[PDB]
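Protein chains in written order, with the UniProt record's numbering: chain A, 4 to 176, 178 to 189; chain B, 24 to 51; chain C, 6 to 272; chain D, 56 to 89; chain E, 1 to 76, 126 to 488; chain F, 48 to 86.
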């Protein structure tokens, strides 16, 4: 209905309730994030509160708002924060957007990391969560099992790890294709 | 994904003032 | 249950004690699903259980406001608001719900957020139907009339006479009084470079002028004997709002530069 | 209201001229009182 | 007949077939054009018994017949895809109260159209072929409720809808996922104007305008329309009007000017009130009250004087009509404003007037509330004067300058800033023939 | 995702292809304006 009751709930005590708040809030964030958009500082403080567990809720909740705010690295960051509240196979366009929105961000980093190192991707510099989810989408791309899809990514993903493995794995010599899939890329 | 997709639309939309300046080069 | 505990506690005044009854009772209504307005029809909750859930809001709010808590009050009222107004909500309804928002508008009013104050009237489902029918609601409006443009004469009196000020409301009454006069202060400021420390006090409805004197000097008003002054009625200069809007050629030159870019971006 | 008048400002008001003349008497009559 | 009815839609689908192979500008604007010519044929007797047979055949076409509800029997996967969707578009069209009365039937149908196989893949594919109005334009009607017990619960289908429109606000990915959108807002706006407090409009603001171009200036104005009404109790006046000023200016509406632009005008009329400006309704004599202005005029008529009673009298008279338009909230303020207005005029024209002679206007009205009342007035500026009661002299300022200041050149700057309006726009459109002539 | 990698990628060329031109123009602008003179 309306989240002022939730904005009520926000600073109202009982992290239990606040748990409930977020949770409850989370389900209805979609409409009322607007109303909610103001409490994000608290929500941020919430996500800063390790004491209260779910605050990744708030983070992902904030992420949702941030989409509805257009804030994405915000959202992604707090999508990153969630990992739990978040899941890739949770399907919202928002998700699938921040899914995407995450994916991109990797590349440049990776590129900027490819800049310095060409094994950069072998290394930690990129948020693993990203890289994970990234590669987890690569997985999803591997599961897409048309890997040109994965390739052009991993092309820019610069991970021969991805590429070579996906190749060798998928190398069955699709006889000419595993030759050509190479050639294609 | 569709990330990659409508990225075009930018370029797609860009296409144009260009062609004005095209007319402009002419116009010059 | 803890339900009546508070309900009795609150009923007893004693709201400081009533206070901590709420959080369990809070956790209740979540777990009771009642606190959240059930967007599926529960059949009976609103009047099954959620009755006092609707009231505990009121109850909790009334206490908090009685205790001069406001968020809590509003937080309750926030949560009341859907049971207060769902849209269709004839399902329950209650009375001090008026008083609450009345208080809470008067709160909002004292909170000095004008549009939201009025846009809440706008938000209000039935306005005049509700509004006029509530004196408590009828304060802020009539007040606002007084208030908004700045003559407070009866208003400042009105709330002193206000039965809700007389009932629970005095929380903002005093607040408002100041909040009133600060305007008048600026108004006097505006109206008067110089004013008798009398008149201003007379305007402030103060008894001691040292009451006034503080303010004016808190205001940092030039004051000689018997008279509030404004030698500078305003804040002029004071740092920012610069580099634009009074840059003589600079802007102009920027404007030149701009117009030269209207000449340059002319490509 | 009709069709085309002289239009605006707007109709303004009325009952002045005589009211004036009343006082054009009176004012002057007052000035006659003067 | 039904043939010709169908024949027209054949052309539509034929033009849908344009878009089918990547060609909207034709299709949409044609569909746009079609939307108007849609009124012609209308109905759905044999158009559909011949449609559901002309196209192809699909489960949903069957569930659609539940909306049809009739008897024909008789005898008699690609082309029948988005056409069917484009006909689901016309399904909504069949819902206008054109070919319908209770769309609360169609309500679910709408969902059951909207949600299934639709509201799905369409991001850039469907180009505002969604009409969320005609989605909601349905629900618009039913919101005559009253009856519904709102809705369901309270009122969640709309909350849902809001959230569903929210579910589009996500889908507004700005992949071009835009056009229809802020109707959603506009809905929600008028939903605020139904109940809610707009101010999350600020968030709606925070997102966007209906970006950008291909949106109907109508909506784009209707955007402003409510968006005006934002500033209404947001108590910005110009911008509100500016919206109106950006709404009625070039929103294209004659048929919809009729009841609907009056609305605009009403608030528009209400604007100058907010500023106490009272333009000459000498025009607003025209295409007005009848059913819109004249209380505003009465207001103006009052506001010309701003004679509280005579003022109130109008309100006293028209409150329901005000209430009808909920312009009632207004004017409650401009009451003394015009009082203060008069106070300013043919009066401050001395470097003073006294306490009591200016109090005389209040000796006409009140006393030493004057102090407030004048401070009330001075408070706002809106006049410029001073006093000393110690003097008892209400000291009424010049307001006299020259253009020595940058004040003109501000306006010049204002003019300057505009120098790019048509100038930069010329380049904004320089393209179109110039660039398409290359084609 | 993919055929864009083929497809999508190619269009920054256009992005570039666009980009060049104004440059030419500004020159050409100046070009007239300098040529314009002796005229």
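In this text, a Cβ means the ideal position worked out from N, Cα and C, and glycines have one as well.
query, result
"Which residues DSSP lists as bridging residue 437 of chain E, in chain order", "E/442"
"Limits of the beta strand (DSSP E) - the one that residue 171 of chain E falls within", "Premise fails: residue 171 of chain E is in no beta strand (DSSP E) and is neither H nor E."
"Residue 233 of chain C - partner residues in DSSP beta bridges", "C/200 and C/228"
"Through-space distance from residue 78 of chain A to residue 62 of chain A, alpha-carbon basis", "8 Å"
"Beta carbon proximity, residue 101 of chain E to chain D, threshold 8 Å", "Missing here is residue 101 of chain E; chain E as given proceeds from 76 to 126 without the residues in between."
"Cβ shell of residue 174 of chain C (< 7 Å), same chain only, five flanking positions each side left out", "108, 111 and 167"
"Identity of the residues DSSP links to residue 402 of chain E by a beta bridge", "E/443"
"Own chain, CB closer than 8 Å to residue 238 of chain C, minus 5 neighbours either side, in chain order", "194, 195 and 198"
"Chain A contact residues for residue 212 of chain E, given Cβ-Cβ distances below 7 Å", "33 and 34"
"Bridge-paired residues (DSSP) for residue 146 of chain E", "E/148"
"Per-residue burial, residue 231 of chain C [other beta carbons within 10 Å of its own, 16 or more giving buried]", "exposed"
"Residue 203 of chain E to residue 4 of chain A span [Cα, whole Å]", "7 Å"
"Segments of 3+ residues assigned as beta strand (DSSP E) that fall wholly inside the segment 34-87 of chain A", "none"
"Cβ separation of residue 293 of chain E and residue 313 of chain E, assumed to be a contact under 8 Å, to the nearest whole Å", "6 Å"
"Nonlocal neighbours in the same chain, by C-beta distance under 8 Å from residue 210 of chain E, ignoring five residues either side", "185, 188 and 236"
"Integer-rounded CB distance, given that residue 78 of chain F should sit under 8 Å from residue 31 of chain B", "So it is not a contact: roughly 34 Å between Cβ atoms."
"Separation of residue 408 of chain E from residue 417 of chain E, as counted between CA atoms", "8 Å"
"Residue-chain proximity (residue 224 of chain E, chain B), Cβ-Cβ < 8 Å", "yes"
"Helix, strand or coil at residue 52 of chain E [DSSP, three-state]", "helix"
"Between the CA atoms of residue 448 of chain E and residue 169 of chain C - distance to the nearest angstrom", "44 Å"
"Reference residue 214 of chain E, options E/410, E/201, E/182 and E/319, closest by Cα", "E/182"
"Within-8 Å CB hit, residue 24 of chain B to chain A", "yes"
"Rounded separation between residue 55 of chain E and residue 61 of chain E - CA only", "10 Å"
"Complete beta strand (DSSP E) runs within the segment 132-220 of chain C (minimum length 3 residues, chain order)", "199-201"
"Contact set between the segment 28-56 of chain C and chain A, restricted to residues whose Cβ is under 9 Å from the partner", "28, 29, 31, 32, 35, 36, 40, 41, 42 and 44"
"Neighbour list for residue 118 of chain A in chain C, Cβ cutoff strictly below 8 Å", "Residues of chain C passing the Cβ test: none, with the nearest at roughly 34 Å."
"Alpha helix (DSSP H) segment containing residue 96 of chain E, residue limits", "Regarding the residue in question, residue 96 of chain E is not represented: chain E runs 76 and then 126, omitting everything in between."
"Residues near residue 226 of chain E in its chain [Cβ-Cβ closer than 6 Å; skip 5 each side]", "172 and 220"
"Backbone secondary structure at residue 163 of chain E - three-state DSSP", "helix"
"Any chain A beta carbon closer than 8 Å to residue 145 of chain C", "no"
"8 Å Cβ shell around residue 182 of chain A - same chain, five flanking residues per side excluded", "170, 173, 174 and 175"
"Candidates E/263, E/297 and E/264, of which the one nearest residue 277 of chain E by Cα", "E/297"
"Residue 82 of chain F classed as buried or exposed, judged by whether at least 16 other C-beta atoms fall within 10 angstroms", "exposed"
"Residue 25 of chain A: contacting residues in chain C (beta-carbon distance under 8 Å)", "Chain C residues near residue 25 of chain A: none, gap ~12 Å exceeds 8 Å."
"For residue 430 of chain E and residue 17 of chain C, the rounded distance between their alpha carbons", "50 Å"
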